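Enquirer: Enclosed are the sequence and the experimentally obtained structure.
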Amino acid sequence: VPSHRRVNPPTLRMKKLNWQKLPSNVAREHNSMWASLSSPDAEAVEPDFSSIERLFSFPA
Amino acid sequence: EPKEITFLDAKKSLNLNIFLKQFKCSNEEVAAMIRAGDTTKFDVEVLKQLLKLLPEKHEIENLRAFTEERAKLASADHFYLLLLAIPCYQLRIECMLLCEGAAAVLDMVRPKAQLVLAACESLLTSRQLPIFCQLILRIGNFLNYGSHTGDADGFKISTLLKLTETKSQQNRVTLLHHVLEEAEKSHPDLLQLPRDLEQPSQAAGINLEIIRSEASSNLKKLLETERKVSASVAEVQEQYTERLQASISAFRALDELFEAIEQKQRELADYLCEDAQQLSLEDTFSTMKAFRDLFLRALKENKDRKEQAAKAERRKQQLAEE
Amino acid sequence: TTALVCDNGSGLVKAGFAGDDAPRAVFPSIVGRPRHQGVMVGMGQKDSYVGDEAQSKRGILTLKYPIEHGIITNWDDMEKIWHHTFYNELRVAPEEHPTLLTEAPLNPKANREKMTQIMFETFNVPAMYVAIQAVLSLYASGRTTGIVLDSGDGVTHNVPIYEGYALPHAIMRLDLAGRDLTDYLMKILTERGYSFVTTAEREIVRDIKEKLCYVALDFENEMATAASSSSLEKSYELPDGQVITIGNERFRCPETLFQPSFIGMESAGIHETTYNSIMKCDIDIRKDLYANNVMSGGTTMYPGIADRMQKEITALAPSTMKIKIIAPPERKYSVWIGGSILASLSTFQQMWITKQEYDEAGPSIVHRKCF
Amino acid sequence: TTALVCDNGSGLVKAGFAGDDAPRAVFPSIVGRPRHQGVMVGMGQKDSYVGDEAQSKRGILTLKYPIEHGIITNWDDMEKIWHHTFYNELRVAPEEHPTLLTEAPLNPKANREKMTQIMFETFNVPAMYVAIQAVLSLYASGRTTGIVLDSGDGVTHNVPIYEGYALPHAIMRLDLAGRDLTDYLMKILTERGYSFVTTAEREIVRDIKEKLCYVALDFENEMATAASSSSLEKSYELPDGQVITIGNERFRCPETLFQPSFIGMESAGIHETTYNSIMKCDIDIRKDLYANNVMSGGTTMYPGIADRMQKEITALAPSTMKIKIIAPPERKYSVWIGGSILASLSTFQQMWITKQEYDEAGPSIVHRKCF
Ligand SMILES: Nc1ncnc2c1ncn2[C@@H]1O[C@H](COP(=O)(O)OP(=O)(O)OP(=O)(O)O)[C@@H](O)[C@H]1O
Ligand SMILES: Nc1ncnc2c1ncn2[C@@H]1O[C@H](COP(=O)(O)OP(=O)(O)O)[C@@H](O)[C@H]1O
Ligand SMILES: [Mg+2]
Ligand SMILES: [Mg+2]
């Protein structure tokens, strides 16, 4: 259902990233700022996936 | 006349002579504004030196057993006789020291406690911070696809520190640099993100328990001093009771502000969905001060990157023209 | 018997009688020697001008400072300075007056031996005393504890002291003061086309440093203001009648006190040196020291140094405890005022260094007597 | 293929090949940037200098010592030091040589994870293993189980090891090492009468610590003969001619390791942290902890530290009269030599962390392969 979950699969291998995963039932509360992620009315910025794919891909 | 008949030793008389010579006046005036209740020429350090040069029991007994001419004594002993002529002089000096210290501690703690209250109130209600977390978690859920760390719908505030840990292939562009560079092109309202959070800026910069213990100790000392003045004479009452009541009222308002800080601290702990047993007050303020400094350096380094890119483009157009 | 307080500083010697408020004989410490030849026979052409006569006749004289970086380098010149300040200025016999003297911290011991032996063997005194300049500067302020930063002509040193106990390890010294600012002012004045190379011109550059320079509250904003508008440009009239006009050099010259990288020194500014002096102290007494920062020395006469110094200390230190700058208007003579306070006490009669103590213990009892 | 061993030190980073008796590169842990402003060309001068090149041109460079007390704080300068360590010091590319690495004990987990992800993402090593310096220090002596004292330039630690695997509960930390000993040595030589404000003076005091300082078998007895010892008083010549005389301070600088109350903190000594760390283990391993006690680091080059460790463990523990504390002559680089012994063996090929392990497990593989 949310807009941020709709991620296209990229062709090339991509560099990983480290933070700590926290559960989703905790993060969708009324006092959390990510209920605005859960609501579609927010400003949806589309990242240029082609730019990240040409730049941040793993070299062969 | 070398027989100055001073009951003190050399060192304490030397210190009291250095103390007496700063006032550029006679010790009669000194005992006068000790008695009259003046705060102009007495800050904390001068009263601390005066309490550190108090007369002792044998010194007071030797001064009271003295029966010859008063002019034969030293300036130190005449100052101590003028001090002993004041009834409850140590109580009056303690009222001086505690009212001046209470005023100094109130003017130090109260704007900073208001800054802490404004900090946590703006942290509880922020406008562009949801949209900044929208853009951050969109890029983050794009990046960690197909792994155990992916498909999350939120993070703590400490993840805002971990944005700086990301570095590109060039090891010069962070994730925060790329997010602010995209936000400068697409949604510039996130560039007004420190404007709502400027009252969270500079953090507290202190430890709140230290100033709270100092304020509680000062309020307890003011209550004890008010009880001691209540046992004293009515001149001390009309000299000090209004100022002591104003200090007790201001410290009670400060304790109400501390209780409001505790309530908003519990609200901020539930707001970021963290338990209240861990440090969710000073860690969050140092977190927000650190993250806003990261925001300001990321803004100015993106501006410097665009400026040097424009200068290099002008140099390339120059060498193509020539 | 009236004692004498004689601060023999790097810049200006300040001497007078004890128990007074202002020093009578304030004069710069220079020895002027004529580099040219004499043709006019007679009229007292004396070969080494000392003091204000060297200042007035400075256009034909090579000027030598006997004090360099708070160290008595030239000794015959410094003896001539003492002879002039006793016999010509005060006009008193040294054998009937005690003479209080001052010293820089972290001084060499043989330097103290040499000033003690000149003050007991050539200029015989009944008694004399050597004291730290920062301690007398604190005693002028009337408080027993605090940190004194003193920026003379060669030395800017920080001394924190708690209840009269001067902490030796927390004293340090930075060789950046008024003469280095004067030399940097010579270096930056050639950008506008004004050349000053002679030692006679050092008095002129020192005079415009005294009259026109000021500490900027923020260096970058004052840079933008000076670059934008010519409102801050100020004129000066030279002794030959020429008029110069200076711009940003009114604040670029004291900014070496906060940024020593201008004259090429790796050490940080005086605020960081004060901060590192405070961290060398014990953590309990730092609260007293932060609210009792006392300036002394004429290099703190720039009329923007207090607010900028408060800003730099409050920015660098944690903001838990009170930051207060003690900058009295008479802090230029606070060494002399504190010496006049200390000399005129009944308890000070037994800390005097007598002639008999000198005969018993050489010129070395000042080490075991004074701090 | 031959392996690479580097000890990422707080004061000296060492690098070399596996199987070598000595490290080929020994360079201080410094990153230099140009101190003054100026651009020109000058035949392509480098923006950053590291190591021996940074040591050689250090007058026009501001240096950075980025490791604070064993623990990594600034990470970009470690990345630049590792880039020098591979690409110019050994002149290698790290994507085909397995590389053994060293960590300070009680390292934070985020530091280990960041270290592993910078090895696998930036340098792209095919194999890396993080080892505690004490485990390699035991491997230089050639055993697999025991407690090891390791004092480098950053921090002192006592680590128990079981079959090559350390026990992080009973690792103890003492907050001093050779940098803190160097600071204390400047402090008590300043109390002796000297002064060290420059870079070269600090390097001369470092070489004084390298050459002259020792540990006596008894502190109290050697105090008792300190005024009367004809062989205790040594000295050193600075190349410009300054003479530094050192007396009892030769065994007061390293005895800070044995008693940290010499400098003003109440932390337990190198024998007391060892004894308290032995008692915090299981009871069965403690005889093997006493049997394989190895000291390591450049902070253990003081002659007569072996018999004093013997006497102090004899004093605290009544079961340890005859067991000998092993002190190799090359325990400057026993971290590096034990890394050479560990990496050069054919039993270590399984224990390396592959690229695919980091890709499938994240950085947290450093918690689970390096233990
Ligand atoms: N021969 C010596 N005698 C005494 N001290 C020495 C000697 N050689 C070097 N040192 C000092 O000891 C330290 C070197 O020890 P070592 O190489 O183990 O440290 P490091 O690896 O940089 O530190 P750490 O293990 O904490 O990261 C430095 O402080 C150095 O000045
Ligand atoms: N009004 C002033 N404004 C700015 N600087 C001054 C002023 N008066 C004196 N100075 C500087 O401060 C120094 C004052 O000398 P002083 O501190 O009294 O003794 P010394 O520096 O020789 O120990 C002079 O060298 C002069 O350069
Ligand atoms: Mg002076
Ligand atoms: Mg090492």
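Expert: Arrived safely, thanks for sending. Numbering: from 1, shown residues only, chains lettered A, B, ... in the order given. Ligands and ions are numbered 1, 2, ... in the order given.

Enquirer: Which strands or helices does the helix or strand residue B:247 falls within pack on?
Expert: Under the criterion of DSSP states H and E, residue B:247 resides in helix B:234-271. Contacts defined by 3 or more CB pairs under 8 Å, 6 or more residues apart in numbering or on different chains; DSSP states H and E place helix B:234-271 against helix B:89-124, helix B:208-230. Heads up, the C-betas are built off the backbone N, CA and C, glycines and all.

Enquirer: Can you tell me which of those is most buried?
Expert: helix B:89-124 (a mean of 18; mean count of other CB atoms under 10 Å in any protein chain shown).

Enquirer: how far is the helix holding residue B:247 from where the chain is centred?
Expert: 16 Å (CA atoms, centre = their mean, to the nearest Å).

Enquirer: give me phi/psi at the one residue in chain C that gets nearest to ligand 3?
Expert: Per CB to the ion, residue C:9 is where chain C lies closest to ligand 3, at 3.1 Å. Main-chain dihedrals, residue C:9, degrees, to the nearest 10: phi -70, psi 170.

Enquirer: which residues does it contact?
Expert: C:29, C:67, C:102, C:133, C:152-153, C:335 (CB atoms under 8 Å, 6 or more residues apart in numbering or on different chains).

Enquirer: rewinding a little: who wins for proximity to chain D among the helices and strands packed on helix B:234-271?
Expert: Minimum separation from chain D across the helices and strands packed on helix B:234-271 (CB to the nearest CB) falls at helix B:208-230, 22.8 Å.

Enquirer: can you list the residues of chain A near chain D?
Expert: Residues of chain A lying close to chain D by CB under 8 Å from any CB of the partner chain are A:15-16, A:18.

Enquirer: can you check chain C too?
Expert: C:106, C:169, C:261, C:264, C:266.

Enquirer: now these as CSV including neighbour count?
Expert: Formatted as CSV, the residues of chain C next to chain D follow (neighbours: other CB atoms under 10 Å in any protein chain shown):
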residue, neighbour count
C:106, 15
C:169, 11
C:261, 15
C:264, 8
C:266, 12
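
Enquirer: returning to what we had before: of the contacts of residue C:9, which belong to strands?
Expert: C:67, C:102 (DSSP state E).

Enquirer: Output the contacts of residue C:9 in a markdown table, with distance to chain A appended to each entry.
Expert: Below are those laid out as a markdown table (distance: CB to the nearest CB, whole Å):
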| residue | distance to chain A |
| --- | --- |
| C:29 | 66 |
| C:67 | 61 |
| C:102 | 62 |
| C:133 | 57 |
| C:152 | 55 |
| C:153 | 57 |
| C:335 | 60 |
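
Enquirer: What does residue B:187 show for phi and psi?
Expert: phi -130, psi 90.

Enquirer: Contacts only, for it.
Expert: Residue B:187 neighbours (CB under 8 Å, 6+ apart): A:43, A:45, B:131, B:135.

Enquirer: Point me to the helix or strand that includes the first one.
Expert: When secondary structure is defined by DSSP H and E, residue A:43 falls outside every helix and strand.

Enquirer: What of the third one?
Expert: For residue B:131, the host element (DSSP H and E) is helix B:129-143.

Enquirer: In the residues of chain C next to chain D, find the pair that's most separated.
Expert: Using CB to CB, the residues of chain C next to chain D span at most 28.0 Å, a distance reached by C:169 and C:264.

Enquirer: Return the distance of the closest residue in space to residue B:92 that isn't next to it in sequence relative to residue B:91.
Expert: In space, and not counting its chain neighbours, residue B:92 is closest to residue B:34: 6.1 Å by CB to CB, 6 or more residues apart in numbering or on different chains. In this view, residue B:34 and residue B:91 are 11 Å apart by CB to CB, to the nearest Å.

Enquirer: for residue C:70, same thing?
Expert: Separation of residue C:70 from residue B:91 (CB to CB): 48 Å.

Enquirer: One more: residue B:120?
Expert: 41 Å.

Enquirer: the helices in chain A, which residues?
Expert: According to DSSP state H, chain A carries its helices in the segments A:24-27, A:35-38, A:49-55.

Enquirer: what's the most buried one of the ones you listed?
Expert: Of those, helix A:35-38 is the most buried (mean count of other CB under 10 Å), at a mean of 18.

Enquirer: what does that helix rub up against?
Expert: Counting by CB under 8 Å, 6+ apart, A:2-4, A:28-29, A:42, B:130-131, B:133-134, B:137, B:153 sit against helix A:35-38.

Enquirer: So which of those reach ligand 4?
Expert: Among the contacts of helix A:35-38, no residue lies close to ligand 4 (CB under 5 Å from the ion).

Enquirer: same for the helix holding residue B:131, what does it pack against?
Expert: Helix B:129-143 packs on helix A:35-38, helix B:175-185, helix B:193-196, going by 3+ CB pairs under 8 Å, 6+ apart.

Enquirer: which bits of the stretch 51-200 of chain B sit near ligand 1?
Expert: The stretch 51-200 of chain B comes close to ligand 1 at no residue, as judged by CB under 6 Å from any ligand atom.

Enquirer: Out of the contacts of residue B:187, the closest to chain D would be?
Expert: Closest to chain D, out of all of these and judged by CB to the nearest CB, is residue B:135, at 23.7 Å.

Enquirer: Nearest residue to that closest one in space, ignoring adjacent ones along the chain?
Expert: Residue B:135 sits nearest to residue A:45 (CB to CB, 6+ apart), 5.1 Å away.

Enquirer: What are the boundaries of the helices in chain C?
Expert: Using DSSP H, helices in chain C cover C:52-56, C:75-83, C:109-117, C:133-141, C:178-189, C:200-211, C:219-228, C:249-252, C:270-279, C:286-290, C:305-316, C:334-343, C:355-361, C:365-369.

Enquirer: now those helices as TSV including mean neighbour count?
Expert: Formatted as TSV, these follow (neighbours: other CB under 10 Å):
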stretch	mean neighbour count
helix C:52-56	16
helix C:75-83	18
helix C:109-117	15
helix C:133-141	25
helix C:178-189	20
helix C:200-211	17
helix C:219-228	13
helix C:249-252	22
helix C:270-279	19
helix C:286-290	19
helix C:305-316	17
helix C:334-343	26
helix C:355-361	13
helix C:365-369	15
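
Enquirer: can I get these in TSV with distance to residue B:68?
Expert: What follows is those, written out as TSV (distance: least, CB to CB, whole Å):
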stretch	distance to residue B:68
helix C:52-56	53
helix C:75-83	46
helix C:109-117	43
helix C:133-141	33
helix C:178-189	55
helix C:200-211	56
helix C:219-228	65
helix C:249-252	63
helix C:270-279	50
helix C:286-290	40
helix C:305-316	50
helix C:334-343	30
helix C:355-361	35
helix C:365-369	36
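
Enquirer: so which of the ones you listed gets nearest ligand 4?
Expert: So among these, helix C:270-279 is nearest, using CB to the ion, at 28.1 Å.

Enquirer: The closest residue to residue C:200 other than its chain neighbours and residue B:14: what is the separation?
Expert: Nearest-residue entry for residue C:200: residue C:58, 4.8 Å, with adjacent residues in sequence omitted and distances by CB to CB, 6+ apart. Relative to residue B:14, residue C:58 is positioned 44 Å away (CB to CB).
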